[PDB]
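Down below is the structure, laid out as structure tokens.
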Amino acid sequence: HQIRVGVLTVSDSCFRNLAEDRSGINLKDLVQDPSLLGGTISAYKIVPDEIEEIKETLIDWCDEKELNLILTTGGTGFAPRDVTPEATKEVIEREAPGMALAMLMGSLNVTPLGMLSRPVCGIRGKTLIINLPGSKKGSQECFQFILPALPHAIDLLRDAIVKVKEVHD
Amino acid sequence: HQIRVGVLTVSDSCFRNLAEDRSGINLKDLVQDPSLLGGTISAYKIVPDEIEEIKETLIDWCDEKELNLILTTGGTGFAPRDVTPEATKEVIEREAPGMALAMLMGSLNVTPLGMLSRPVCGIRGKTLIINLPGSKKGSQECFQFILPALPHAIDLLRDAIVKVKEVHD
Amino acid sequence: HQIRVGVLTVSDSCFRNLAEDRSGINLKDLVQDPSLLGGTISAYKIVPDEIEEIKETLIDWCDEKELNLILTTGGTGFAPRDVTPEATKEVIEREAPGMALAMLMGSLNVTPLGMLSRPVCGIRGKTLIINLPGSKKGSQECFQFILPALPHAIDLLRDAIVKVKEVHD
Ligand code: NA
């Protein structure tokens with residue numbers, strides 16, 4: 001019944017030690033809160049806004065760590081270096097557009113600037129990958145929008161096969 | 001100018017005769033109701049949750065049967081075998097994201113679990129393909145969400161070319 | 001910090017001189033209104049509903065003209081020749097699904113027929129590309145739905161690199 005979760009902070013500023021990772025730290029707290037998801041933090045990493053590093057991390061976390069859930073924070077806006085959604089599209093097997101939609105409607109309710117977020121959500125093996133905004137406020141609000149559906153989503157994926165492992169098994 | 005419709009049930013359980021196809025049978029009734037769509041059922045099949053069989057059936061129904069509308073039911077959730085949207089993306093020529101959106105907003109209005117549905121809608125030749133959920137309740141509600149736009153959508157596609165046929169024409 | 005905008009009218013009828021481009025002409029007025037966007041019209045063209053012509057124009061306007069914003073009007077519905085979204089998907093580097101969403105929700109609030117529009121929004125270099133409907137009413141409404149986010153989106157993209165130019169720089 002355990003939920004093993006990874007939080008991937010995608011941020012040049014945090015990577016360069018220019019700012020504290022308020023968003024990522026807060027997501028670790030939200031994830032572990034027994035009144036919320038009641039999950040376990042199994043992976044945490046800060047990476048720069050660089051497609052290959054994001055992709056490699058996601059693949060490792062899905063295929064080697066077999067996490068149930070990865071929450072990315074940052075790299076989903078219009079700034080030129082923001083490529084988290086692009087990295088995510090390259091690693092997912094099955095897209096989950098309803099989750100990206102739920103987050104966008106929720107965000108638009110807060111502000112029209114919500115349409116400047118470009119998140120992708122999708123599945124790889126047993127892992128649900130969710131792109132969240134970079135700000136603490138934004139990532140918390142978006143986590144809140146999807147939380148009601150997370151336990152069931154994770155449950156449906158628990159027995160999925162990790163494709164790269166299954167071929168030599 | 002009849003509306004020729006195909007209902008494709010994607011279900012391992014129904015395919016193996018473990019359960020009755022409540023969803024598909026109900027969709028046949030909804031399609032044919034003269035107060036609703038007033039369509040004709042021109043094709044009906046139960047297939048397992050297997051990407052190639054889904055793809056092959058959709059292609060035959062669009063290119064050989066030249067159906068105006070295909071309603072798929074099942075294989076659109078998070079369960080590992082659910083690959084209907086993936087099959088659909090491989091066969092469509094032009095995506096219709098507004099229809100997938102309309103269904104998802106309607107569904108989210110019923111329950112946040114609507115974000116665990118992953119439907120694709122799109123066009124191939126004269127055919128509009130709509131992915132609906134596997135459950136009778138979900139497919140009925142989703143059919144209702146798009147019904148007001150179906151007649152006009154179908155009309156706009158009636159004179160489309162079937163690409164594989166036109167090359168030897 | 002001018003906003004250099006292109007308006008691309010995709011319309012067989014206008015291209016063949018059968019109708020006046022009411023939509024494109026109105027978009028030029030909207031764009032230049034200082035209480036709306038305060039933009040500059042830097043490019044305007046009417047092209048037929050042909051994928052290659054649309055793609056070639058978009059690439060030229062992004063890569064050679066380095067426009068901040070391109071509004072396309074027409075070619076986004078279900079009619080068989082409507083291929084603007086497909087051309088757009090072939091040229092963008094980063095999709096902006098939030099903006100497409102916002103336009104569609106707004107449109108669905110007016111009529112369910114909004115779900116028969118298939119717009120794509122995305123980014124190439126410094127340029128935001130927005131697909132709008134062909135009708136004057138539809139393009140004006142869709143522009144007005146996204147307008148609140150336009151200034152900030154454009155600003156975030158101002159220092160983006162034009163990839164084809166950077167490689168020989
Ligand atoms: Na999409």
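Identifiers in the structure tokens: chain A, B, ... in order shown; residue index from 1 per chain; ligand index from 1 in order shown.
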Which of chain B fall in strand (DSSP E), as a PyMOL selection string: chain B and resi 4-10+40-47+69-73+94-95+121-124+127-132
Spatial neighbours of residue 70 in chain B, 6 Å, only C-alpha atoms, chain gap at least 6 places, as a list in words: residues 5, 6, 7 and 129 of chain B
Within 9 Å of ligand 1 (counting only C-alpha atoms and all ligand atoms), which residues show up? I'd like them as a compact mmCIF listing (two decimals) with N, CA and C atoms, in the first residue's frame.
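See selection-v4.txt below for the written result:
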# COMPACT_ATOMS: atom_id res chain seq x y z
N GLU A 95 -0.05 8.91 -22.27
CA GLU A 95 -0.36 10.24 -21.76
C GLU A 95 -1.63 10.24 -20.91
N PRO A 97 -3.94 13.08 -20.22
CA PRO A 97 -4.32 14.47 -20.48
C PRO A 97 -5.38 15.01 -19.54
N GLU B 95 -6.36 15.55 -35.29
CA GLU B 95 -6.91 15.42 -33.95
C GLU B 95 -8.03 16.42 -33.68
N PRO B 97 -9.16 17.88 -30.43
CA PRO B 97 -8.96 18.02 -28.98
C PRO B 97 -10.13 18.65 -28.27
N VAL B 120 -8.66 10.08 -26.61
CA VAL B 120 -8.30 10.80 -27.79
C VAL B 120 -9.53 10.83 -28.72
N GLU C 95 4.99 23.08 -27.18
CA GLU C 95 3.55 23.33 -27.18
C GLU C 95 3.08 24.12 -25.96
N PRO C 97 -0.33 24.08 -24.43
CA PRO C 97 -1.69 23.52 -24.38
C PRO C 97 -2.65 24.30 -23.53
N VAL C 120 -4.12 24.53 -32.18
CA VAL C 120 -2.87 24.27 -31.53
C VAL C 120 -2.26 25.63 -31.22
Compile a residue-level contact table for chain C against chain A at a cut-off of 7 Å, reporting for every qualifying residue the shortest atom pair and its distance in Å to one decimal, with only C-alpha atoms counted, rows ordered by chain and ascending number, as JSON lines.
{"residue": "C:95", "atom": "CA", "partner": "A:118", "partner_atom": "CA", "distance": 7.0}
{"residue": "C:96", "atom": "CA", "partner": "A:118", "partner_atom": "CA", "distance": 5.3}
{"residue": "C:97", "atom": "CA", "partner": "A:118", "partner_atom": "CA", "distance": 6.0}
{"residue": "C:98", "atom": "CA", "partner": "A:115", "partner_atom": "CA", "distance": 4.1}
{"residue": "C:99", "atom": "CA", "partner": "A:115", "partner_atom": "CA", "distance": 5.1}
{"residue": "C:102", "atom": "CA", "partner": "A:115", "partner_atom": "CA", "distance": 6.9}
{"residue": "C:148", "atom": "CA", "partner": "A:112", "partner_atom": "CA", "distance": 6.4}
{"residue": "C:149", "atom": "CA", "partner": "A:113", "partner_atom": "CA", "distance": 5.4}
{"residue": "C:153", "atom": "CA", "partner": "A:78", "partner_atom": "CA", "distance": 6.4}
{"residue": "C:156", "atom": "CA", "partner": "A:79", "partner_atom": "CA", "distance": 5.2}
{"residue": "C:157", "atom": "CA", "partner": "A:79", "partner_atom": "CA", "distance": 6.1}
{"residue": "C:160", "atom": "CA", "partner": "A:80", "partner_atom": "CA", "distance": 5.4}
9 Å contact set for range 9-20 of chain A, only C-alpha atoms, chain neighbours under 2 positions out, as number ranges by chain: A: 7, 22-25, 44-50, 54, 71-75, 82, 84, 134
Those of chain A in DSSP helix (DSSP H, G or I), formatted as a PyMOL selection string: chain A and resi 12-15+22-32+51-63+84-91+97-110+112-116+136-157+163-166
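Pairwise distance (CA of residue 60 in chain C, CA of residue 169 in chain C) equals 18.3 Å.
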Nearest candidate to residue 132 in chain C (options C:165, C:35, C:155, C:88; using only C-alpha atoms):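 Of the candidates, the smallest distance to residue 132 in chain C is held by C:88.
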Interatomic distance, CA of residue 64 in chain A to CA of residue 125 in chain A (Å, one decimal): 10.8 Å
Within 8 Å of residue 66 in chain A using only C-alpha atoms, minus same-chain residues under 3 positions, as a list in words: residues 61, 62, 63, 125, 126, 127 and 162 of chain A
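Between residue 65 in chain C and the candidates C:89, C:4, C:30, C:21, the tightest atom-to-atom separation, counting only C-alpha atoms, involves C:4.
Excluding residue 55 in chain B and any residue on its chain fewer than 6 positions from it, the residues at most 8 Å away by only C-alpha atoms are residues 87, 88, 90 and 91 of chain B.
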Restricting it to N, CA and C atoms, dump the selection as a CSV table (one decimal), in the first residue's frame.
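Once everything was written out, this is out_19.csv:
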chain,number,residue,atom,x,y,z
B,87,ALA,N,-3.6,3.4,-29.7
B,87,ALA,CA,-4.0,2.9,-31.0
B,87,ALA,C,-4.7,4.0,-31.8
B,88,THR,N,-5.6,4.8,-31.2
B,88,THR,CA,-6.3,5.8,-31.9
B,88,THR,C,-5.3,6.9,-32.4
B,90,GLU,N,-2.4,6.5,-33.4
B,90,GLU,CA,-1.7,5.9,-34.6
B,90,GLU,C,-2.5,5.9,-35.9
B,91,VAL,N,-3.8,6.0,-35.8
B,91,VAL,CA,-4.7,5.9,-37.0
B,91,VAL,C,-5.3,7.2,-37.4
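One finds CA of residue 92 in chain C at 5.0 Å from CA of residue 124 in chain C.
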Selected residue, from C:159, C:141, C:53, C:93, that lies nearest to residue 122 in chain C when counting only C-alpha atoms: C:93
